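Colleague: Mind having a look at this structure? Questions to follow.
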Amino acid sequence: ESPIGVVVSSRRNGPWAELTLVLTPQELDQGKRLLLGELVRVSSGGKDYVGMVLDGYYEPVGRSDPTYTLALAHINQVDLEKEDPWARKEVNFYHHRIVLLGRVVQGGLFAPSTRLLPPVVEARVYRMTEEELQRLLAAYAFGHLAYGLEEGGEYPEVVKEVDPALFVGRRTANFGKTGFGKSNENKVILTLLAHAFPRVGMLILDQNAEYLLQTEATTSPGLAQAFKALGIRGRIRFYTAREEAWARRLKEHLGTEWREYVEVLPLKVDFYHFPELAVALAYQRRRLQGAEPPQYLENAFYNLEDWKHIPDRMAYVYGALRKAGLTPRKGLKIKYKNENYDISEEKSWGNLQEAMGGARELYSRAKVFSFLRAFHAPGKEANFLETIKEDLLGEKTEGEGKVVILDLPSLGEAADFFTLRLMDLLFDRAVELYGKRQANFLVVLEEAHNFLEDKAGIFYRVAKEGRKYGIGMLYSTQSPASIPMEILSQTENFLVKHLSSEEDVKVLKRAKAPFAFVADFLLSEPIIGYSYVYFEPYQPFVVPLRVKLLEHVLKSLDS
Amino acid sequence: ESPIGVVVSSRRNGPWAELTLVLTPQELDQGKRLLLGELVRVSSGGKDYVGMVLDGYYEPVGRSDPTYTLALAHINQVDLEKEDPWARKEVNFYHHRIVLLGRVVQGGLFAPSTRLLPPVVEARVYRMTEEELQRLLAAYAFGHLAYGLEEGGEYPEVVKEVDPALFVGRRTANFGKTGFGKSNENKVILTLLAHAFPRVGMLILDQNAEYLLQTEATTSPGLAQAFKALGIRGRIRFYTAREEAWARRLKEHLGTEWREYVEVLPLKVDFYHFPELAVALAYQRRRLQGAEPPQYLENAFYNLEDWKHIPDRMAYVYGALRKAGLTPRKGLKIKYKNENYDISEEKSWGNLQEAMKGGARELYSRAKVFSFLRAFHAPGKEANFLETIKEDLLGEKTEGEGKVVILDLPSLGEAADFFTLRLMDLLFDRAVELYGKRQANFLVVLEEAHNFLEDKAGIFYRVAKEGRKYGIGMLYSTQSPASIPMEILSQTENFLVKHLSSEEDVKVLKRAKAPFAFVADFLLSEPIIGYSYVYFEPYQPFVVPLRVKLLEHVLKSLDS
DNA sequence: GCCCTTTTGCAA
DNA sequence: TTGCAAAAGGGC
Ligand SMILES: Nc1ncnc2c1ncn2[C@@H]1O[C@H](COP(=O)(O)OP(=O)(O)NP(=O)(O)O)[C@@H](O)[C@H]1O
Ligand SMILES: Nc1ncnc2c1ncn2[C@@H]1O[C@H](COP(=O)(O)OP(=O)(O)NP(=O)(O)O)[C@@H](O)[C@H]1O
């Protein structure tokens with residue numbers, strides 16, 4: 001409980017304040033060392049700061065010639081330690097560099113950096129204890145502090161706790177090369193949130209079919225299995241286009257009672273039941289792809305509801321839908337003029353075609369509804385977009401919280417349009433509902449480099465304006481250089497694993513200043529599960545961690 | 001009132017002169033210190049300058065070895081403040097570097113930089129007093145000077161005040177990261193202006209439904225609640241397409257007397273009363289698009305006034321409107337040929353269509369071009385919200401009344417962009433027409449400015465360029481300096497910058513304004529909420545940190 | 001984004 | 001039958 005060394009300098013180096021430290025022969029012989037990246041406590045005029053050891057080098061102290069002294073001692077076979085204690089007391093020194101991150105304020109928020117530079121004769125450096133480290137961090141264990149693989153740098157009793165106030169309404173980045181634990185960390189965080197704070201909903205853009213169920217050895221279990229193990233019931237809603245296959249897999253991997261944990265829903269709708277929905281999708285495709293809508297589509301989009309009362313116009317619309325190539329359910333009847341036809345049968349379909357208001361233009365241009373074949377399935381009668389919107393922002397659903405997983409791969413090549421439409425609809429509804437209830441849901445999207453780019457930027461709008469409505473993002477990109485700076489600069493949290501490239505670390509430092517002190521560690525130490533966590537404004541400095549395996553988390557939390 | 005240290009050097013570092021300062025051990029022991037970014041007064045040849053503390057470092061003075069001395073003292077375990085004062089007295093020095101921003105001359109005008117380099121022997125540095133700082137800032141508090149979160153570096157008695165000369169007629173910028181106080185600062189400025197100078201009109205292009213009512217604990221209260229607290233009556237005009245819902249909210253929050261503070265109007269009009277408005281909107285829509293509106297549309301737009309006197313042409317126009325989809329009110333009559341139909345009924349409409357020219361027939365045939373107008377149509381309104389807003393802002397009856405206009409853009413849906421562009425064009429044209437008879441004297445609040453100031457041909461771009469002549473101000477927030485063109489950034493007069501994380505943002509800011517080169521490190525390193533770097537031209541052409549105030553505290557203080 | 005084609009409808 | 005206007009899909 002005394003200073004490690006003696007401070008012999010200080011300065012302002014860029015936007016940070018440093019101070020040099022010297023370790024004397026006594027402290028070096030006793031066995032006191034300092035690991036690079038360690039956190040120390042600096043006292044200057046009665047105040048306690050937080051420092052991080054950056055560098056370390058050897059330099060002569062006083063008027064000495066260490067090279068000559070050591071070379072001569074080696075030549076003469078003179079054992080310095082046992083024979084010349086007075087010669088081992090004038091070369092045994094060592095310098096260090098320390099950077100003042102900020103000052104911890106009691107009952108308040110960590111004050112970053114410092115505008116005051118301490119004189120040399122009024123600064124001390126004390127090693128930090130476990131209680132102080134816990135007070136620094138804590139102010140459901142998600143990981144514990146650890147400095148590299150060095151012995152004595154592991155602190156299993158210092159942990160970082162998951163808290164909805166850290167993730168809800170704020171963007172979180174997740175970087176790290178392949179096989180280093182991004183998905184495992186995401187699963188751990190989501191499981192802990194769902195288990196501890198059941199009032200938070202999530203929307204998962206499952207791009208790789210790895211979240212609901214995972215059985216290969218190349219990754220940890222999935223959310224469905226985790227929920228079953230933890231005892232969470234009736235919180236997962238799964239939307240897929242392969243309902244039967246996924247139900248078979250779920251039954252196999254969860255037993256005969258899988259329906260108590262997962263609700264499987266289809267991504268199909270009978271467009272002969274929602275012609276207005278079909279028109280809206282066709283009209284919105286143009287806007288979502290840059291260009292402006294045609295007038296013959298604007299007119300229909302605005303007037304279809306009125307058209308519904310004119311049987312002839314409705315017959316025109318249904319004929320356009322059928323001519324597009326959408327197979328109807330067996331037993332449909334049209335009423336052109338005052339005669340009932342059967343578009344399901346080829347004979348009556350041709351009769352109606354030859355027997356046959358803006359609906360005429362729609363029938364002529366019905367070659368534009370062909371892209372809707374992906375989402376069309378006869379006899380469904382369930383608007384999945386409305387179902388998702390109600391699940392996420394229902395009046396009564398407030399509180400309980402729901403987890404929504406979308407099986408994007410099952411949608412073929414329409415996944416991009418479907419995701420853009422869903423995001424636009426959800427954000428518009430959230431903006432409308434402002435003041436009546438907060439959205440309070442978290443958007444999870446892996447391979448975010450794909451989604452964070454478009455015309456009109458639905459995801460740009462979500463990232464840059466979701467804070468007010470409690471709409472938080474948590475994206476994994478695997479390479480910082482692939483994310484636009486316009487979105488990188490708006491990210492509050494960070495979770496960076498090992499990054500091999502140099503451009504990646506340079507971009508990370510450029511986007512977030514405090515990440516310049518760990519670039520060398522990231523470059524040189526390829527360790528799996530080792531992450532540097534940064535959280536504004538509660539913990540505005542980089543801290544290393546050893547993330548926990550999902551199996552271990554489940555086993556520990558079962559009790 | 002004694003020099004803090006001793007000047008021991010000076011030079012011309014690039015375009016700025018600088019000089020080094022030394023703090024002696026006696027002063028260091030007394031407790032004197034200098035904070036980075038602090039403002040100090042420099043005396044040289046009978047003229048006082050204004051300097052900023054830039055850097056600080058430790059360097060040995062004289063023939064000494066501080067490293068060896070301190071290491072030996074530590075080894076021998078001798079307290080360095082009670083046992084060996086003569087050894088502690090030769091290593092307790094410290095250097096500072098100071099930059100001269102300029103000197104104030106005549107009536108507060110700021111002479112920039114300096115062509116004269118002061119000799120070391122006759123240059124002194126005095127700490128600046130509260131009176132001097134107040135004079136510096138001055139020539140209804142908005143924020144008090146503060147140097148970071150360092151205790152002892154805060155001056156609650158030094159404030160920057162709100163004055164229409166600062167804002168109206170000049171462009172202001174409001175940058176910062178997401179969640180740091182841009183909206184709160186905007187609301188503070190607006191509330192102070194509306195409480196102090198009631199002859200300044202505003203136009204808030206609301207985009208998130210936050211400037212009228214705000215109850216969620218994620219932003220400061222709304223302007224409606226602020227006005228209710230401050231006792232300002234009959235000054236807010238709300239334009240929205242959700243009259244009933246907003247009336248419910250106002251009733252449930254402002255109380256039962258809410259109609260005194262907020263006046264609600266709808267964004268819907270009946271186009272059967274303003275066919276000229278319908279045709280003008282349809283014609284303007286395409287021009288705001290690519291270009292070259294069709295000849296028939298041009299002809300209709302120019303000659304509808306003449307058409308008004310011909311019932312046959314007007315019947316063709318009304319038939320076109322009805323065919324587009326717009327619903328007329330019950331009991332409408334059309335005089336075609338020599339007959340009076342009732343287009344509100346199916347059979348009458350069919351008969352008229354069967355019965356049915358200088359340009360009206362082509363419009364009737366191409367009736368699908370008016371479909372988009374169904375996003376504004378509501379039978380039985382006869383309001384012309386565009387004209388009403390024009391009278392509210394640039395009306396000749398006001399000559400100073402104070403009118404706060406808030407537009408609920410989200411309610412419109414996908415027509416908000418076109419509506420905003422058309423309204424801005426109309427307002428600017430009217431203001432240009434009014435030049436030489438009366439000034440507009442109003443401010444245009446704009447949020448998410450990067451959406452509007454992108455294209456060089458935009459009406460918002462032209463307003464930003466040419467509004468000062470006619471008295472039209474601006475105040476835009478964008479969250480990122482990199483998203484605004486340099487052409488606008490250079491010409492902007494006022495700045496209010498919060499924490500910025502990206503190096504590109506700070507580089508852009510310093511490229512646009514040279515004096516912002518001394519605060520890049522602070523911006524990058526300190527993520528403080530509510531901390532602002534204000535720079536106002538031309539009276540205060542240097543960066544001064546502030547501590548913006550919460551709207552709740554501003555209200556509670558102004559009540560007295 | 002930008003630049004041609006095809007089609008319909010109303011002259012003549 | 002031809003010429004001209006105006007809207008919407010293709011290629012690059
Ligand atoms: N904290 C950890 N401790 C130990 N092993 C871990 C840890 N995190 C991950 N792993 C191992 O790393 C493997 C890959 O994890 P994974 O979550 O797929 O990384 P990843 O970021 O998703 N790579 P990828 O998503 O394919 O780009 C797992 O199967 C584990 O064996
Ligand atoms: N000067 C201040 N002092 C204390 N809290 C503040 C101050 N300014 C803002 N806040 C708080 O900071 C949060 C964000 O407020 P807000 O003004 O909406 O920031 P913002 O910049 O408008 N967010 P954004 O529109 O995305 O940039 C709220 O909780 C405010 O109460």
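Residue numbering restarts at 1 for every chain of the structure tokens, chains are lettered A, B, ... in their displayed order, and ligands are numbered from 1 as they appear.
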Taking only C-alpha atoms (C1' of nucleotides) and all ligand atoms into account, report as a PyMOL selection string which residues have an atom no farther than 6 Å from an atom of ligand 2.

Modeller: (chain A and resi 465) or (chain B and resi 177-184+218-220+479+529-530+548-550)

Colleague: Keeping C-alpha atoms, export the residues of the selection given above as an mmCIF file, in the first residue's frame.

Modeller:
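Saved file out14.cif follows:
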```cif
data_model
loop_
_atom_site.group_PDB
_atom_site.id
_atom_site.type_symbol
_atom_site.label_atom_id
_atom_site.label_comp_id
_atom_site.auth_asym_id
_atom_site.auth_seq_id
_atom_site.Cartn_x
_atom_site.Cartn_y
_atom_site.Cartn_z
ATOM 1 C CA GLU A 465 -32.876 8.717 -35.122
ATOM 2 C CA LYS B 177 -23.122 13.681 -31.452
ATOM 3 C CA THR B 178 -26.468 11.954 -30.910
ATOM 4 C CA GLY B 179 -27.825 12.729 -27.456
ATOM 5 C CA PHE B 180 -25.625 15.616 -26.330
ATOM 6 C CA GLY B 181 -27.943 18.626 -26.262
ATOM 7 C CA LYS B 182 -28.626 20.018 -29.738
ATOM 8 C CA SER B 183 -32.415 19.938 -29.373
ATOM 9 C CA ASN B 184 -32.232 21.226 -25.800
ATOM 10 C CA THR B 218 -35.543 11.246 -23.490
ATOM 11 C CA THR B 219 -35.595 14.998 -24.281
ATOM 12 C CA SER B 220 -36.528 18.344 -22.781
ATOM 13 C CA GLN B 479 -25.124 15.826 -36.070
ATOM 14 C CA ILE B 529 -23.172 16.194 -22.247
ATOM 15 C CA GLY B 530 -24.248 19.820 -22.515
ATOM 16 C CA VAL B 548 -25.791 25.072 -21.820
ATOM 17 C CA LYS B 549 -28.727 25.096 -19.404
ATOM 18 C CA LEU B 550 -31.612 22.667 -19.078
#
```

Colleague: Dump the neighbourhood of ligand 1 as number ranges by chain: all residues within 9 Å, distances computed on only C-alpha atoms (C1' of nucleotides) and all ligand atoms.

Modeller: A: 143, 174-187, 216-220, 446-447, 476-478, 497, 528-531, 546-550

Colleague: Once you have the residues from the selection above, write them out as a PDB file, in the first residue's frame, restricted to C-alpha atoms.

Modeller:
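Written output follows (selection35.pdb):
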```pdb
ATOM      1  CA  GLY A 143     -17.143 -11.279 -18.632  1.00  0.00           C
ATOM      2  CA  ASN A 174     -19.148  -6.029 -32.827  1.00  0.00           C
ATOM      3  CA  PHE A 175     -15.892  -6.513 -34.730  1.00  0.00           C
ATOM      4  CA  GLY A 176     -13.428  -9.374 -34.946  1.00  0.00           C
ATOM      5  CA  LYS A 177     -12.087 -11.774 -37.550  1.00  0.00           C
ATOM      6  CA  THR A 178     -13.690 -15.156 -38.182  1.00  0.00           C
ATOM      7  CA  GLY A 179     -13.883 -17.730 -35.415  1.00  0.00           C
ATOM      8  CA  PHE A 180     -13.159 -15.303 -32.580  1.00  0.00           C
ATOM      9  CA  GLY A 181     -16.502 -15.172 -30.785  1.00  0.00           C
ATOM     10  CA  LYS A 182     -18.748 -12.453 -32.204  1.00  0.00           C
ATOM     11  CA  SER A 183     -21.824 -14.670 -32.514  1.00  0.00           C
ATOM     12  CA  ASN A 184     -21.154 -16.299 -29.144  1.00  0.00           C
ATOM     13  CA  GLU A 185     -20.973 -12.899 -27.448  1.00  0.00           C
ATOM     14  CA  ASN A 186     -24.176 -11.803 -29.181  1.00  0.00           C
ATOM     15  CA  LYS A 187     -25.969 -14.949 -28.018  1.00  0.00           C
ATOM     16  CA  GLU A 216     -22.912 -28.268 -35.622  1.00  0.00           C
ATOM     17  CA  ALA A 217     -19.740 -28.187 -33.537  1.00  0.00           C
ATOM     18  CA  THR A 218     -18.674 -24.982 -35.327  1.00  0.00           C
ATOM     19  CA  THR A 219     -20.696 -22.754 -32.962  1.00  0.00           C
ATOM     20  CA  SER A 220     -22.575 -22.617 -29.667  1.00  0.00           C
ATOM     21  CA  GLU A 446     -25.356  -9.902 -38.551  1.00  0.00           C
ATOM     22  CA  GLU A 447     -23.249  -9.073 -41.606  1.00  0.00           C
ATOM     23  CA  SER A 476     -21.770  -7.443 -36.290  1.00  0.00           C
ATOM     24  CA  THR A 477     -19.718  -6.582 -39.367  1.00  0.00           C
ATOM     25  CA  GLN A 478     -16.413  -8.480 -38.875  1.00  0.00           C
ATOM     26  CA  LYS A 497     -11.938  -8.914 -30.836  1.00  0.00           C
ATOM     27  CA  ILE A 528     -10.130 -16.243 -29.021  1.00  0.00           C
ATOM     28  CA  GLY A 529     -12.763 -14.787 -26.721  1.00  0.00           C
ATOM     29  CA  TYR A 530     -10.641 -11.788 -25.698  1.00  0.00           C
ATOM     30  CA  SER A 531     -12.629  -8.586 -26.194  1.00  0.00           C
ATOM     31  CA  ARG A 546     -12.719 -12.764 -21.258  1.00  0.00           C
ATOM     32  CA  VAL A 547     -16.182 -13.498 -22.616  1.00  0.00           C
ATOM     33  CA  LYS A 548     -17.926 -16.602 -21.281  1.00  0.00           C
ATOM     34  CA  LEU A 549     -19.049 -19.610 -23.287  1.00  0.00           C
ATOM     35  CA  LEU A 550     -22.802 -19.939 -23.693  1.00  0.00           C
TER      36      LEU A 550
END
```

Colleague: To one decimal in Å, tell me the separation between CA of residue 207 in chain A and CA of residue 466 in chain A.

Modeller: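 Distance reported for this atom pair: 22.0 Å.
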
Colleague: Using only C-alpha atoms (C1' of nucleotides), what does the table of chain D residues within 9 Å of chain C look like, with each row giving the shortest atom pair and its distance in Å to one decimal, sorted by chain and ascending number, as JSON lines?

Modeller:
```
{"residue": "D:2", "atom": "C1'", "partner": "C:12", "partner_atom": "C1'", "distance": 8.4}
{"residue": "D:3", "atom": "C1'", "partner": "C:11", "partner_atom": "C1'", "distance": 8.4}
{"residue": "D:4", "atom": "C1'", "partner": "C:11", "partner_atom": "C1'", "distance": 8.4}
{"residue": "D:9", "atom": "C1'", "partner": "C:6", "partner_atom": "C1'", "distance": 8.6}
{"residue": "D:10", "atom": "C1'", "partner": "C:5", "partner_atom": "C1'", "distance": 8.0}
{"residue": "D:11", "atom": "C1'", "partner": "C:4", "partner_atom": "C1'", "distance": 8.6}
{"residue": "D:12", "atom": "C1'", "partner": "C:3", "partner_atom": "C1'", "distance": 8.4}
```

Colleague: Taking only C-alpha atoms (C1' of nucleotides) into account, find every residue of chain A that has an atom no more than 12 Å from chain D, and write it out as a PyMOL selection string.

Modeller: chain A and resi 292-297+361+364-365+367-368

Colleague: List the spatial neighbours of residue 507 in chain A as a PyMOL selection string - criterion: any atom at most 12 Å away, only C-alpha atoms (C1' of nucleotides), same-chain residues fewer than 6 positions off excluded.

Modeller: (chain A and resi 175+479-485+488-489+499+501+513+515-516+519) or (chain B and resi 502-504)

Colleague: Show me, as a VMD selection string, the residues of chain B whose atoms get within 10 Å of chain D, using only C-alpha atoms (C1' of nucleotides) for the distance check.

Modeller: chain B and resid 294 to 296 366

Colleague: Show which residues sit within 10 Å of residue 5 in chain B, as a list in words. Count only C-alpha atoms (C1' of nucleotides), and ignore same-chain residues fewer than 5 positions away.

Modeller: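 Close residues of residue 5 in chain B: residues 20, 21, 22, 23, 24, 27, 28, 32, 33, 94, 95, 96, 124, 125 and 126 of chain B.
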
Colleague: Those residues with N, CA, C and O atoms, as a PDB file, in the first residue's frame please?

Modeller:
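File produced: again27.pdb:
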```pdb
ATOM      1  N   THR B  20       6.252  31.297 -24.488  1.00  0.00           N
ATOM      2  CA  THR B  20       6.348  30.282 -23.452  1.00  0.00           C
ATOM      3  C   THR B  20       6.293  30.922 -22.071  1.00  0.00           C
ATOM      4  O   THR B  20       6.737  32.054 -21.871  1.00  0.00           O
ATOM      5  N   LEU B  21       5.740  30.179 -21.118  1.00  0.00           N
ATOM      6  CA  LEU B  21       5.584  30.638 -19.748  1.00  0.00           C
ATOM      7  C   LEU B  21       6.199  29.621 -18.802  1.00  0.00           C
ATOM      8  O   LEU B  21       6.220  28.421 -19.084  1.00  0.00           O
ATOM      9  N   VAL B  22       6.699  30.110 -17.670  1.00  0.00           N
ATOM     10  CA  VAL B  22       7.351  29.275 -16.671  1.00  0.00           C
ATOM     11  C   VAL B  22       6.749  29.584 -15.310  1.00  0.00           C
ATOM     12  O   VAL B  22       6.615  30.754 -14.937  1.00  0.00           O
ATOM     13  N   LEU B  23       6.384  28.540 -14.572  1.00  0.00           N
ATOM     14  CA  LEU B  23       5.861  28.672 -13.218  1.00  0.00           C
ATOM     15  C   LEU B  23       6.955  28.278 -12.235  1.00  0.00           C
ATOM     16  O   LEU B  23       7.427  27.138 -12.253  1.00  0.00           O
ATOM     17  N   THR B  24       7.349  29.218 -11.380  1.00  0.00           N
ATOM     18  CA  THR B  24       8.433  28.976 -10.447  1.00  0.00           C
ATOM     19  C   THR B  24       7.966  28.101  -9.286  1.00  0.00           C
ATOM     20  O   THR B  24       6.766  27.975  -9.030  1.00  0.00           O
ATOM     21  N   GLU B  27       5.515  29.794  -6.738  1.00  0.00           N
ATOM     22  CA  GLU B  27       4.141  29.901  -7.216  1.00  0.00           C
ATOM     23  C   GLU B  27       3.469  28.536  -7.265  1.00  0.00           C
ATOM     24  O   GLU B  27       2.290  28.404  -6.918  1.00  0.00           O
ATOM     25  N   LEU B  28       4.199  27.508  -7.698  1.00  0.00           N
ATOM     26  CA  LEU B  28       3.620  26.169  -7.740  1.00  0.00           C
ATOM     27  C   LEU B  28       3.222  25.698  -6.349  1.00  0.00           C
ATOM     28  O   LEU B  28       2.219  24.993  -6.186  1.00  0.00           O
ATOM     29  N   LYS B  32      -0.922  28.068  -7.411  1.00  0.00           N
ATOM     30  CA  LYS B  32      -1.320  28.621  -8.697  1.00  0.00           C
ATOM     31  C   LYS B  32      -1.157  27.584  -9.800  1.00  0.00           C
ATOM     32  O   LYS B  32      -0.203  26.802  -9.805  1.00  0.00           O
ATOM     33  N   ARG B  33      -2.099  27.581 -10.740  1.00  0.00           N
ATOM     34  CA  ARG B  33      -2.075  26.650 -11.858  1.00  0.00           C
ATOM     35  C   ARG B  33      -2.799  27.285 -13.035  1.00  0.00           C
ATOM     36  O   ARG B  33      -3.536  28.262 -12.885  1.00  0.00           O
ATOM     37  N   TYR B  94       7.738  24.258 -14.237  1.00  0.00           N
ATOM     38  CA  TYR B  94       6.804  23.710 -15.211  1.00  0.00           C
ATOM     39  C   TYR B  94       6.515  24.742 -16.295  1.00  0.00           C
ATOM     40  O   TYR B  94       6.357  25.931 -15.999  1.00  0.00           O
ATOM     41  N   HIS B  95       6.458  24.306 -17.550  1.00  0.00           N
ATOM     42  CA  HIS B  95       6.345  25.202 -18.693  1.00  0.00           C
ATOM     43  C   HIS B  95       4.938  25.211 -19.280  1.00  0.00           C
ATOM     44  O   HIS B  95       4.235  24.199 -19.301  1.00  0.00           O
ATOM     45  N   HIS B  96       4.547  26.377 -19.790  1.00  0.00           N
ATOM     46  CA  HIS B  96       3.288  26.538 -20.501  1.00  0.00           C
ATOM     47  C   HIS B  96       3.549  27.243 -21.821  1.00  0.00           C
ATOM     48  O   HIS B  96       4.509  28.003 -21.965  1.00  0.00           O
ATOM     49  N   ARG B 124       4.176  40.321 -19.979  1.00  0.00           N
ATOM     50  CA  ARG B 124       3.628  39.822 -18.729  1.00  0.00           C
ATOM     51  C   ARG B 124       2.340  39.060 -19.003  1.00  0.00           C
ATOM     52  O   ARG B 124       1.685  39.256 -20.028  1.00  0.00           O
ATOM     53  N   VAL B 125       1.977  38.182 -18.072  1.00  0.00           N
ATOM     54  CA  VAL B 125       0.758  37.388 -18.175  1.00  0.00           C
ATOM     55  C   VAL B 125      -0.027  37.548 -16.883  1.00  0.00           C
ATOM     56  O   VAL B 125       0.456  37.171 -15.810  1.00  0.00           O
ATOM     57  N   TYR B 126      -1.231  38.100 -16.983  1.00  0.00           N
ATOM     58  CA  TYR B 126      -2.124  38.268 -15.848  1.00  0.00           C
ATOM     59  C   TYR B 126      -3.354  37.392 -16.031  1.00  0.00           C
ATOM     60  O   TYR B 126      -3.855  37.240 -17.148  1.00  0.00           O
TER      61      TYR B 126
END
```

Colleague: Please identify every residue of chain B that has at least one atom no farther than 12 Å from an atom of chain C, counting only C-alpha atoms (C1' of nucleotides), and for each give the shortest atom pair and the distance in Å to one decimal, arranged by chain then increasing number, as JSON lines.

Modeller:
```
{"residue": "B:290", "atom": "CA", "partner": "C:1", "partner_atom": "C1'", "distance": 11.8}
{"residue": "B:361", "atom": "CA", "partner": "C:10", "partner_atom": "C1'", "distance": 11.2}
{"residue": "B:362", "atom": "CA", "partner": "C:10", "partner_atom": "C1'", "distance": 9.7}
{"residue": "B:365", "atom": "CA", "partner": "C:9", "partner_atom": "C1'", "distance": 9.7}
{"residue": "B:366", "atom": "CA", "partner": "C:9", "partner_atom": "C1'", "distance": 10.8}
```

Colleague: Do you know which residues are at most 8 Å from residue 201 in chain A counting only C-alpha atoms (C1' of nucleotides), after dropping those on the same chain fewer than 2 positions away, and could you put them as a count of residues only?

Modeller: 11

Colleague: As a PyMOL selection string, which residues of range 68-182 of chain B does DSSP assign to strand (DSSP E or B)?

Modeller: chain B and resi 94-105+109-112+123-127+141-146+154-161+171-174

Colleague: For residue 352 in chain B, find every residue with an atom within 12 Å (counting only C-alpha atoms (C1' of nucleotides)), except residues of its own chain fewer than 5 positions away, and show them as a ChimeraX atom specification.

Modeller: /B:312,315-316,318-320,322-323,333-347

Colleague: Write the residues of the selection above to a file with N, CA and C atoms, as a CSV table (one decimal), in the first residue's frame.

Modeller:
```
chain,number,residue,atom,x,y,z
B,312,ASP,N,-68.4,25.7,-69.2
B,312,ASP,CA,-68.1,24.4,-69.9
B,312,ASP,C,-66.6,24.0,-69.6
B,315,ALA,N,-66.5,22.9,-66.0
B,315,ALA,CA,-67.1,21.6,-65.8
B,315,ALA,C,-66.1,20.5,-66.3
B,316,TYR,N,-65.4,20.8,-67.3
B,316,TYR,CA,-64.3,19.8,-67.7
B,316,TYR,C,-63.3,19.7,-66.6
B,318,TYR,N,-63.6,20.3,-63.3
B,318,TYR,CA,-64.2,19.6,-62.2
B,318,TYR,C,-64.3,18.1,-62.5
B,319,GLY,N,-64.7,17.8,-63.7
B,319,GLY,CA,-64.8,16.4,-64.1
B,319,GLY,C,-63.4,15.7,-64.0
B,320,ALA,N,-62.4,16.4,-64.4
B,320,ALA,CA,-61.1,15.8,-64.3
B,320,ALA,C,-60.7,15.6,-62.8
B,322,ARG,N,-62.7,15.1,-60.3
B,322,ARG,CA,-63.5,14.0,-59.8
B,322,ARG,C,-63.0,12.7,-60.3
B,323,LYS,N,-62.5,12.6,-61.6
B,323,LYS,CA,-62.0,11.4,-62.1
B,323,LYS,C,-60.7,11.0,-61.5
B,333,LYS,N,-73.3,20.7,-57.7
B,333,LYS,CA,-73.9,20.9,-59.0
B,333,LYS,C,-72.9,21.4,-60.1
B,334,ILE,N,-73.0,20.8,-61.3
B,334,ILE,CA,-72.1,21.2,-62.4
B,334,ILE,C,-73.0,21.6,-63.6
B,335,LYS,N,-72.6,22.7,-64.1
B,335,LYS,CA,-73.4,23.3,-65.3
B,335,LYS,C,-72.6,23.0,-66.5
B,336,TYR,N,-73.0,21.9,-67.2
B,336,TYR,CA,-72.5,21.5,-68.5
B,336,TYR,C,-73.5,21.7,-69.5
B,337,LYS,N,-73.1,22.2,-70.7
B,337,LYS,CA,-74.0,22.4,-71.8
B,337,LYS,C,-75.1,23.4,-71.3
B,338,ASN,N,-76.2,22.9,-70.9
B,338,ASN,CA,-77.3,23.7,-70.3
B,338,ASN,C,-77.9,23.0,-69.1
B,339,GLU,N,-77.2,22.1,-68.5
B,339,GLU,CA,-77.7,21.2,-67.5
B,339,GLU,C,-76.9,21.3,-66.2
B,340,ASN,N,-77.5,21.0,-65.1
B,340,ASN,CA,-76.9,21.0,-63.8
B,340,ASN,C,-77.0,19.6,-63.2
B,341,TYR,N,-75.8,19.0,-63.2
B,341,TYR,CA,-75.7,17.6,-62.6
B,341,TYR,C,-75.3,17.7,-61.2
B,342,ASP,N,-75.2,16.5,-60.5
B,342,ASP,CA,-74.8,16.4,-59.1
B,342,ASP,C,-73.7,15.3,-59.1
B,343,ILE,N,-72.5,15.7,-59.2
B,343,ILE,CA,-71.4,14.7,-59.3
B,343,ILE,C,-71.2,13.9,-58.0
B,344,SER,N,-71.9,14.3,-57.0
B,344,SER,CA,-71.7,13.5,-55.7
B,344,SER,C,-72.5,12.2,-55.8
B,345,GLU,N,-73.3,11.9,-56.8
B,345,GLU,CA,-74.1,10.7,-56.9
B,345,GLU,C,-73.6,9.9,-58.1
B,346,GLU,N,-73.8,8.6,-58.0
B,346,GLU,CA,-73.3,7.7,-59.1
B,346,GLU,C,-74.0,7.9,-60.4
B,347,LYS,N,-75.3,8.0,-60.4
B,347,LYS,CA,-76.0,8.1,-61.7
B,347,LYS,C,-75.8,9.5,-62.3
```
